[PDB]
Amino acid sequence: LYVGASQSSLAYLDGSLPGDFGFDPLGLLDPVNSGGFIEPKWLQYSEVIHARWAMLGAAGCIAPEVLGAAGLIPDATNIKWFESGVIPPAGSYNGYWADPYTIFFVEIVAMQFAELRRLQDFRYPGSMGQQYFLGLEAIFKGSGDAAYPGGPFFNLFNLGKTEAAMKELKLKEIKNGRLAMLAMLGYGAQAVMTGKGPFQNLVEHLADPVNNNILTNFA
Amino acid sequence: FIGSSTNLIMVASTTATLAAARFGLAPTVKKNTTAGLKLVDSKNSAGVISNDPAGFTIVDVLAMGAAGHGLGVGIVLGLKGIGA
Amino acid sequence: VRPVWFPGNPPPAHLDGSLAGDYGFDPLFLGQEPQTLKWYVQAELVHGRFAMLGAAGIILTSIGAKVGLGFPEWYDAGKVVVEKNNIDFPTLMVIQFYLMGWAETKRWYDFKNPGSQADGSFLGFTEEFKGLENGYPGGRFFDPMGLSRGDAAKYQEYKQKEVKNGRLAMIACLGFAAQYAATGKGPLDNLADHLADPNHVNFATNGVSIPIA
Amino acid sequence: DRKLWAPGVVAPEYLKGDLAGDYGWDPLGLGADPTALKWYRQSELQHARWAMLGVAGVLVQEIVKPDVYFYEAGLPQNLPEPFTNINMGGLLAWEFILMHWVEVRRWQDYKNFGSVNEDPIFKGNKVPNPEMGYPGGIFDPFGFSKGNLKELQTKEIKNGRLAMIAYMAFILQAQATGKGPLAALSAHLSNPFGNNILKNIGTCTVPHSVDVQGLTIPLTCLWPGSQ
Amino acid sequence: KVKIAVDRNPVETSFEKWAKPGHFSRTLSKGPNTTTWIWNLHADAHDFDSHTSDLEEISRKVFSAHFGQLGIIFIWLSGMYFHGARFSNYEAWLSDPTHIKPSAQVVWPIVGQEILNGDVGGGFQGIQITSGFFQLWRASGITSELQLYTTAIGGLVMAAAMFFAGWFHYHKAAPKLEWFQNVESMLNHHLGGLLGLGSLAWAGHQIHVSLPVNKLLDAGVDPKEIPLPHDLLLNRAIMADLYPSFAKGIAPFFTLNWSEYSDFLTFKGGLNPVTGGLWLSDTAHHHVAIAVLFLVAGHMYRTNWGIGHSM
Amino acid sequence: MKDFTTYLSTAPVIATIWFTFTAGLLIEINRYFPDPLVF
Ligand code: CLA
Ligand code: CLA
Ligand code: CLA
Ligand code: CLA
Ligand SMILES: CC1=C[C@H](O)CC(C)(C)[C@H]1/C=C/C(C)=C/C=C/C(C)=C/C=C/C=C(C)/C=C/C=C(C)/C=C/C1=C(C)C[C@H](O)CC1(C)C
Ligand SMILES: CC1=C(/C=C/C(C)=C/C=C/C(C)=C/C=C/C=C(C)/C=C/C=C(C)/C=C/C2=C(C)CCCC2(C)C)C(C)(C)CCC1
Ligand SMILES: CCCCCCCCCCCCO[C@@H]1O[C@H](CO)[C@@H](O[C@H]2O[C@H](CO)[C@@H](O)[C@H](O)[C@H]2O)[C@H](O)[C@H]1O
């Protein structure tokens, strides 16, 4: 399908997994003599995790700038993503309730529970629905698939009632995630080149596409 | 820069390489030269598929692009070096 | 089935939930060998029970210092007692090693030979030094109220509370040392500062715990 | 079967429609354990009845005395005579003693249903207590239970759930605006676009602390807003 | 087909063999009867070929033994950087390199050995070193013991990674013989990646850190007031003041106007009169050329496409 | 763990530990009793 397809890839890329457009030029999903992290299960799961974080990031990095322009948020906020405090050298916001290292500790303890509990379900399917976790273990039974746990909370509105409908939604999740992962690379590449915001970059490219593009930015 | 000597040289160089491979005037991913400097059927392993009539895969473009870039760079800097 | 330290990870084989506070935590398999596990059981109980007395001693004397009752900080008490009371440090230390030495050596040989300290060799005392279980020397001297010899289920529950409260106190004493080293103040001075400003007065802003902060 | 919280959602197996106000809604699965569901239902009844009294208190007081701010009525200087500047400690003494009795009585009914359904003093005085959380008798002095109790239990839980949301609106609106719930409506109606959460949010109008008869009680808003 | 091929969980991670000396040999596993066994055990420890006739098993032992060596070398480097940050006179030598003698080993005062702590200068007493680390660190643009301490920690993180890699690629995911027999692929990566990328990356560090820092040092600027490497990496105006061509950015590179970068990419030759060493601008243009040459060389052998050569 | 302790009981390991102990003991003695030439 997509450019780069190879007879070699057609061996394992039979179109069962979401977003199988036949593109594995380096043969990473080949199940033969697979091991470590270079194996189908881990690599498909990692594409979805990267994709979901990238979809939230592509929106989070472009939201404040747009809303600030619309006047829906105070200018105090409306800061550039790289200037939020993730990279102090590039800038940092001093208006948070606490300092970044204090909030970062809160992040560590929160993520460790979220990540290590997500990991345990990939390692021991169904394990997070057994030991007591304040009654929440009822919603962490998961399914046989790590990337698609579903259940009372992760699939609150029970969307994807049929196998076909769920398959389509899984295709749309991977498509939007792959696009957002590419946008997040763009945001970083365009922040190093112009030192401006992604929204600003778009506004300039519309104000004058010729004098406002990568070839002009080089100078 | 557009239409400048450097730009024209670079465009022509890369274009010439792509064209040479596209028309069997150069080695390709499916055409390899013999010790006698010939051009026979190669056996690519990955075997990228190409709808192109001459089976010009993306790898062929990448190769020609590099070759042409190198050629253009050498010619441009070389002319600058020889004053021309 | 039994709650474990890392949910989802099977408990080690040498840990069968029989011991109090068994949450299958032995990542370096240090208690894999049984006899070694029995020794470490008494070790954790002895460390834990001292930590519980320590923590309760620091917390009370720290409260008395927080209020105006003239109780020295834990890290200054040793010098105050010796100075104010003109007590000879060497004498006190040697007396301690004499008393602890006697009690520890008798507990040691009970571990090596269970029940061997109930022969009457010590002033004719027999039953008060036989020992009920490893790390649990009941009798009428150590369990004067009989809580271990009445209601087996209550005894098991009390053992669970003892080990958990001892592990908490052991963590708290490591906290009292780390906080004093990092802040130079007392424990209840640290709690007042945090309570006053919990978002701006914590370890992340102490200038020591996170060097890049 | 019955109507649910959303179109297409499948009710949890433990939610079959026995309890009133059952829309099969347990996204976090906290009712899967029967013991937990019983306690949580009592907790929900408690939060519902208290919140309905709170919504009614803030509204009635606001109409009768529009000059008194609900968020700062607890201050003794704002107490109605002859309770103005009354020793707050002595007041808490009455509340702790009385509440502790009634709360441990209700609690023992949960531990052992029908174990405390009798006057501990004047023997013979007993409440019917048809269901846990529904004592009745002296507690139902007008006999409204002798009818469609289940349908009335639905109205109670539904009005209670709505009052629990409303009360938290009053609180958050009070914190962002500094006005009670009828004053806020008036300010909105006064200039809907001018006065709304879009502008009101971002500001905590509550001090950091207040001195009550000699004691500093720390005060916080529910979000990091300008304070 | 060149591809990643490995066996999963090939060897168990237990201490059972640790307690059985000579387990690797059919003759030595029987245990010692004479003292010759002890010598034979150590002499035949790393002779995998003699241990087993399986090439794949031998290849897996060689690969993991190399990760062990790389980990050893990293610990050695971390120690040198650590001793430069905690037991050296580097900061004083940076200010007075023509008189202060480099020293990075201090001896404890015992049995009278403290005499070995010579008066090297800079208010320091220690053993004079001749490894040339002080001059290497100055060339790299290091001006603080903090930078030496941070590199030491990095080297230990790298040493831990090397030892992990060794355990993982032998006990968890062991590469199969076919993997190791991909000589055409190995040469392409070692020439293009290890050598060419390594040279390109080093040119990056030299152009953005080594050249400005050393230019300021040679101008007489005190090491304390020199801009930190990141300040130079995040500010073009400072680099533009030191090298005017930086004001043009990377445009000249993509426009083939390389001549503009003549102020930092040079062919002076000879020696810097201030320091007596080669010009760093010459070393920068050199490593850039090496990088290009090796990137081309790494595209000569055939792998998974028809293009390339068969050795 | 038993195999690990057996490995720690191997000739070279015990020698390193025993010699480190003996060296340490002698060093500390000369650290607290420097220049000991006679009894
Ligand atoms: C000579 C060094 C060396 C070599 C030849 C290999 C070779 C291999 N490794 Mg391995 N590894 C190494 C070192 C090495 N490793 C080290 C030091 C570690 C510890 C960090 C690991 C940890 C490791 C794991 C956990 C796994 C492998 C796996 C593999 C196999 C396939 C995966 C792969 O490499 O694809 C290419 C690698 C990637 C696609 C990921 C790239 C991620 C890197 C870190 C990004 C940057 C790399 C670059 C060198 C960084 C330059 C500096 C930077 C500033 C730009 C393969 C045979 C996988 C396997 O077993 O497959 C069966 C696997 O699961 N390795
Ligand atoms: C706790 C981790 C661990 C454990 C339990 C094991 C266990 C085992 N490994 Mg192993 N391994 C590990 C980590 C581990 N390994 C790591 C991190 C690497 C990467 C280097 C390897 C690479 C490796 C290879 C290549 C092989 C094994 C083999 C084995 C098995 C028998 C050999 C043996 O261990 O005897 C014990 C051996 C030693 C104690 C020698 C220690 C070697 C160190 C690294 C040398 C240090 C020298 C020092 C730096 C300089 C000395 C200078 C002098 C002046 C003092 C055995 C079951 C062998 C096997 O599969 O059986 C045939 C095998 O060939 N391992
Ligand atoms: C860009 C690709 C690349 C790079 C950079 C390297 C680099 C290296 N390889 Mg190598 N290799 C590669 C591809 C690559 N390889 C491929 C595709 C194959 C299969 C044909 C092999 C098969 C192979 C074998 C059989 C061996 C090596 C070995 C080595 C090391 C030789 C020691 C040295 O001189 O360097 C100096 C050391 C350093 C500069 C330290 C930096 C090393 C870091 C980790 C760079 C990362 C390298 C790694 C390939 C990146 C992926 C890691 C990821 C899987 C986590 C070296 C670090 C030898 C070895 O045993 O190494 C353990 C060895 O025996 N490689
Ligand atoms: C490894 C070699 C190397 C490296 C790393 C660099 C790096 C750099 N050079 Mg440089 N340079 C080099 C070699 C190198 N150079 C060589 C060999 C030469 C000689 C020709 C030069 C000559 C040169 C000049 C003349 C200049 C630079 C400049 C720069 C800086 C700006 C680059 C730029 O403008 O945009 C480059 C575009 C990118 C780097 C793409 C960025 C992509 C980002 C990082 C990806 C992020 C993705 C991620 C998902 C985002 C999410 C983040 C997460 C928190 C969510 C930069 C730090 C300029 C400078 O100094 O600025 C002050 C400049 O003036 N260089
Ligand atoms: C397919 C294939 C096949 C063959 O075989 C081979 C090869 C080629 C290798 C393969 C692959 C390719 C590729 C392209 C890849 C890519 C990736 C990416 C880009 C990712 C991203 C990724 C990305 C991502 C995650 C992102 C993320 C983000 C986030 C979360 C967030 C962030 C943020 C926010 C909001 C805001 C603030 O202010 C800041 C921050 C904090 C910062
Ligand atoms: C006709 C036709 C077509 C078209 C196609 C095309 C358009 C092609 C082309 C393509 C291209 C457009 C290609 C190119 C490429 C290029 C490249 C790929 C480059 C690269 C570069 C490089 C590689 C460089 C290198 C180096 C450096 C960096 C340094 C120094 C110098 C050198 C050179 C060494 C179509 C599809 C429509 C279909 C129909 C028909
Ligand atoms: C190609 C990918 C691999 C190499 C990656 C190299 C970059 C890695 C990320 C860290 C460096 C980011 O790159 C950073 O971009 C900013 C953009 O304002 C540069 O800033 C520079 O250019 C901007 C304009 O764009 C000027 O306003 C600024 O005065 C000048 O210093 C920094 O000098 C550079 O250090």
# chains A, B, ... in the order shown; residues from 1 in each chain; ligands from 1
$ closest_atom_pairs --of "chain E" --to "ligand 7" --cutoff "10 Å" --atoms "only C-alpha atoms and all ligand atoms" --output "tab-separated table"
residue	atom	partner	partner_atom_place_in_ligand_line	distance
E:201	CA	ligand 7	4 (C)	9.0
E:204	CA	ligand 7	4 (C)	8.9
E:208	CA	ligand 7	35 (O)	9.3
E:230	CA	ligand 7	35 (O)	7.6
E:231	CA	ligand 7	33 (O)	8.3
E:232	CA	ligand 7	33 (O)	7.3
E:233	CA	ligand 7	35 (O)	4.5
E:234	CA	ligand 7	33 (O)	3.3
E:235	CA	ligand 7	31 (O)	3.1
E:236	CA	ligand 7	31 (O)	3.8
E:237	CA	ligand 7	29 (O)	6.2
E:238	CA	ligand 7	31 (O)	8.3
E:239	CA	ligand 7	31 (O)	8.6
E:240	CA	ligand 7	31 (O)	9.6
E:246	CA	ligand 7	30 (C)	9.7
E:247	CA	ligand 7	30 (C)	9.1
E:249	CA	ligand 7	22 (O)	8.0
$ write_last_selection --atoms "N, CA and C atoms" --output "CSV table (one decimal), in the first residue's frame"
chain,number,residue,atom,x,y,z
E,201,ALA,N,29.7,14.2,15.0
E,201,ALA,CA,29.3,14.7,16.3
E,201,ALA,C,30.4,15.5,17.0
E,204,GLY,N,30.7,18.8,15.8
E,204,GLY,CA,29.7,19.7,16.5
E,204,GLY,C,30.2,20.2,17.8
E,208,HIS,N,31.0,24.2,18.4
E,208,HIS,CA,30.1,25.0,19.3
E,208,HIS,C,30.7,25.2,20.7
E,230,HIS,N,26.6,25.9,27.0
E,230,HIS,CA,25.2,26.1,26.6
E,230,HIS,C,24.9,27.5,26.2
E,231,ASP,N,25.5,28.5,27.0
E,231,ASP,CA,25.3,29.9,26.6
E,231,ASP,C,25.7,30.1,25.2
E,232,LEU,N,26.8,29.5,24.8
E,232,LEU,CA,27.3,29.7,23.4
E,232,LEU,C,26.4,28.9,22.4
E,233,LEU,N,25.9,27.7,22.9
E,233,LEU,CA,25.0,26.9,22.0
E,233,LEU,C,23.7,27.5,21.8
E,234,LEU,N,23.2,28.3,22.8
E,234,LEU,CA,21.8,28.9,22.7
E,234,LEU,C,21.8,30.3,22.2
E,235,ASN,N,23.0,30.9,22.1
E,235,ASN,CA,23.2,32.3,21.7
E,235,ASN,C,24.1,32.4,20.4
E,236,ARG,N,23.6,33.0,19.3
E,236,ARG,CA,24.4,33.0,18.1
E,236,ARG,C,25.1,34.3,18.1
E,237,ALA,N,24.6,35.4,18.8
E,237,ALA,CA,25.3,36.7,18.8
E,237,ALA,C,26.7,36.6,19.4
E,238,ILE,N,26.8,35.8,20.5
E,238,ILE,CA,28.2,35.6,21.1
E,238,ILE,C,29.1,34.9,20.1
E,239,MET,N,28.6,33.8,19.5
E,239,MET,CA,29.4,33.1,18.5
E,239,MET,C,29.7,34.0,17.3
E,240,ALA,N,28.7,34.8,17.0
E,240,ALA,CA,28.9,35.7,15.8
E,240,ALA,C,30.0,36.7,16.1
E,246,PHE,N,29.1,33.1,11.8
E,246,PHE,CA,28.0,32.4,12.6
E,246,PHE,C,26.7,33.3,12.5
E,247,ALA,N,26.9,34.6,12.2
E,247,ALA,CA,25.7,35.5,12.0
E,247,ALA,C,24.9,35.1,10.8
E,249,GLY,N,24.3,31.9,10.1
E,249,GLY,CA,23.6,30.6,10.4
E,249,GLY,C,24.1,29.4,9.5
$ residues_around --residues "region 142-153 of chain D" --least-positions-apart "5" --cutoff "9 Å" --atoms "only C-alpha atoms" --output "PyMOL selection string"
chain D and resi 19-21+136-137+158
$ interface_residues --of "chain F" --to "chain C" --cutoff "12 Å" --atoms "only C-alpha atoms" --output "NGL selection string"
:F and (1-5)
$ write_last_selection --atoms "N, CA and C atoms" --output "CSV table (one decimal), in the first residue's frame"
chain,number,residue,atom,x,y,z
F,1,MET,N,21.6,-18.2,46.4
F,1,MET,CA,22.3,-17.6,47.6
F,1,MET,C,23.3,-18.6,48.2
F,2,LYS,N,22.9,-19.9,48.3
F,2,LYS,CA,23.9,-20.9,48.8
F,2,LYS,C,25.1,-21.0,47.8
F,3,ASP,N,24.7,-21.0,46.5
F,3,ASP,CA,25.8,-21.1,45.5
F,3,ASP,C,26.6,-19.8,45.5
F,4,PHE,N,26.0,-18.7,45.7
F,4,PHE,CA,26.7,-17.4,45.8
F,4,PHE,C,27.7,-17.4,47.0
F,5,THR,N,27.2,-17.9,48.1
F,5,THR,CA,28.1,-18.0,49.3
F,5,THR,C,29.2,-19.0,49.1
$ closest_residue --among "A:106, A:182, A:73, A:189" --to "chain D" --atoms "only C-alpha atoms"
A:73
$ residues_near_ligand --ligand "ligand 5" --cutoff "8 Å" --atoms "only C-alpha atoms and all ligand atoms" --output "PyMOL selection string"
chain A and resi 23-29+49-61+80-86+178+180-185
$ write_last_selection --atoms "N, CA, C and O atoms" --output "short mmCIF file (atom, residue, chain, number, x, y, z; two decimals), in the first residue's frame"
data_model
loop_
_atom_site.label_atom_id
_atom_site.label_comp_id
_atom_site.auth_asym_id
_atom_site.auth_seq_id
_atom_site.Cartn_x
_atom_site.Cartn_y
_atom_site.Cartn_z
N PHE A 23 4.11 -1.01 5.49
CA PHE A 23 5.38 -0.25 5.53
C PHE A 23 6.33 -0.74 6.63
O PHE A 23 6.24 -0.24 7.74
N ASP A 24 7.20 -1.70 6.32
CA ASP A 24 8.26 -2.10 7.28
C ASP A 24 9.53 -2.29 6.46
O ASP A 24 9.98 -3.42 6.32
N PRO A 25 10.10 -1.21 5.89
CA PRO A 25 11.34 -1.32 5.12
C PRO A 25 12.50 -2.00 5.87
O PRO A 25 13.29 -2.63 5.22
N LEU A 26 12.58 -1.88 7.20
CA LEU A 26 13.74 -2.43 7.95
C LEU A 26 13.38 -3.77 8.59
O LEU A 26 14.19 -4.27 9.38
N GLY A 27 12.22 -4.34 8.27
CA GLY A 27 11.86 -5.68 8.75
C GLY A 27 11.82 -5.84 10.25
O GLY A 27 12.26 -6.89 10.72
N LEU A 28 11.25 -4.89 10.98
CA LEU A 28 11.27 -4.95 12.46
C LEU A 28 10.15 -5.85 13.00
O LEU A 28 10.35 -6.41 14.07
N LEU A 29 9.04 -6.03 12.29
CA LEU A 29 7.90 -6.81 12.84
C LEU A 29 8.00 -8.28 12.43
O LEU A 29 7.13 -9.05 12.84
N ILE A 49 1.09 3.64 22.44
CA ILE A 49 1.44 4.50 23.60
C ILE A 49 2.06 5.79 23.09
O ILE A 49 1.64 6.85 23.55
N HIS A 50 3.03 5.70 22.19
CA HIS A 50 3.69 6.91 21.64
C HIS A 50 2.62 7.73 20.96
O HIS A 50 2.60 8.93 21.14
N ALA A 51 1.73 7.07 20.25
CA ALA A 51 0.69 7.76 19.49
C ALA A 51 -0.28 8.51 20.40
O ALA A 51 -0.66 9.65 20.12
N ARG A 52 -0.72 7.87 21.48
CA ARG A 52 -1.68 8.52 22.41
C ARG A 52 -1.03 9.70 23.12
O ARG A 52 -1.70 10.72 23.25
N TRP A 53 0.22 9.59 23.55
CA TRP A 53 0.95 10.70 24.20
C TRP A 53 1.18 11.82 23.20
O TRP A 53 1.16 12.97 23.61
N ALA A 54 1.39 11.49 21.94
CA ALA A 54 1.68 12.48 20.88
C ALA A 54 0.41 13.23 20.51
O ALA A 54 0.50 14.41 20.22
N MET A 55 -0.71 12.55 20.54
CA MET A 55 -2.01 13.21 20.25
C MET A 55 -2.34 14.21 21.35
O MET A 55 -2.89 15.25 21.04
N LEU A 56 -2.02 13.87 22.59
CA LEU A 56 -2.31 14.78 23.73
C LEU A 56 -1.30 15.92 23.69
O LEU A 56 -1.66 17.02 24.07
N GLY A 57 -0.09 15.64 23.23
CA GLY A 57 0.96 16.68 23.19
C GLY A 57 0.76 17.65 22.06
O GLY A 57 0.96 18.84 22.27
N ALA A 58 0.40 17.15 20.89
CA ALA A 58 0.16 18.02 19.72
C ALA A 58 -0.97 18.99 20.01
O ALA A 58 -0.93 20.09 19.48
N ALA A 59 -1.94 18.58 20.82
CA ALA A 59 -3.03 19.50 21.24
C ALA A 59 -2.53 20.38 22.39
O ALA A 59 -2.71 21.61 22.31
N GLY A 60 -1.82 19.80 23.34
CA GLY A 60 -1.39 20.59 24.51
C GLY A 60 -0.38 21.64 24.15
O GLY A 60 -0.34 22.67 24.81
N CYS A 61 0.43 21.38 23.13
CA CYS A 61 1.49 22.33 22.76
C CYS A 61 0.90 23.42 21.88
O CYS A 61 1.54 24.46 21.76
N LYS A 80 4.63 29.88 25.23
CA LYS A 80 5.07 28.88 24.22
C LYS A 80 5.36 27.55 24.93
O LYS A 80 5.90 27.60 26.05
N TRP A 81 5.01 26.45 24.27
CA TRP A 81 5.17 25.11 24.87
C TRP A 81 6.57 24.89 25.43
O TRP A 81 6.65 24.41 26.55
N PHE A 82 7.61 25.24 24.69
CA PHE A 82 9.02 25.03 25.13
C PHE A 82 9.36 26.01 26.26
O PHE A 82 10.38 25.78 26.95
N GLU A 83 8.55 27.04 26.45
CA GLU A 83 8.76 28.01 27.52
C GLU A 83 7.93 27.72 28.76
O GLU A 83 8.02 28.47 29.73
N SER A 84 7.21 26.61 28.81
CA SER A 84 6.34 26.30 29.97
C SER A 84 7.18 26.05 31.22
O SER A 84 6.73 26.39 32.30
N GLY A 85 8.35 25.45 31.06
CA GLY A 85 9.17 25.08 32.23
C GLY A 85 9.77 23.70 32.05
O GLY A 85 10.63 23.32 32.86
N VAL A 86 9.37 22.99 31.00
CA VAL A 86 9.92 21.65 30.67
C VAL A 86 11.40 21.83 30.37
O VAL A 86 12.19 20.92 30.68
N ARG A 178 -0.30 8.64 14.52
CA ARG A 178 0.88 8.71 13.63
C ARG A 178 1.00 10.14 13.12
O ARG A 178 2.12 10.65 13.09
N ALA A 180 -0.11 12.89 14.61
CA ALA A 180 0.26 13.72 15.76
C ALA A 180 1.73 13.49 16.14
O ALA A 180 2.36 14.46 16.54
N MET A 181 2.23 12.27 15.99
CA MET A 181 3.65 11.97 16.30
C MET A 181 4.50 12.76 15.30
O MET A 181 5.53 13.28 15.71
N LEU A 182 4.05 12.88 14.06
CA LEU A 182 4.77 13.67 13.04
C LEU A 182 4.65 15.16 13.36
O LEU A 182 5.64 15.86 13.20
N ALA A 183 3.50 15.61 13.83
CA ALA A 183 3.33 17.03 14.22
C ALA A 183 4.26 17.35 15.38
O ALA A 183 4.88 18.41 15.36
N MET A 184 4.36 16.46 16.35
CA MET A 184 5.23 16.71 17.52
C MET A 184 6.68 16.80 17.05
O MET A 184 7.42 17.57 17.65
N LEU A 185 7.08 16.05 16.02
CA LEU A 185 8.46 16.18 15.50
C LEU A 185 8.57 17.55 14.85
O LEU A 185 9.57 18.22 15.05
#
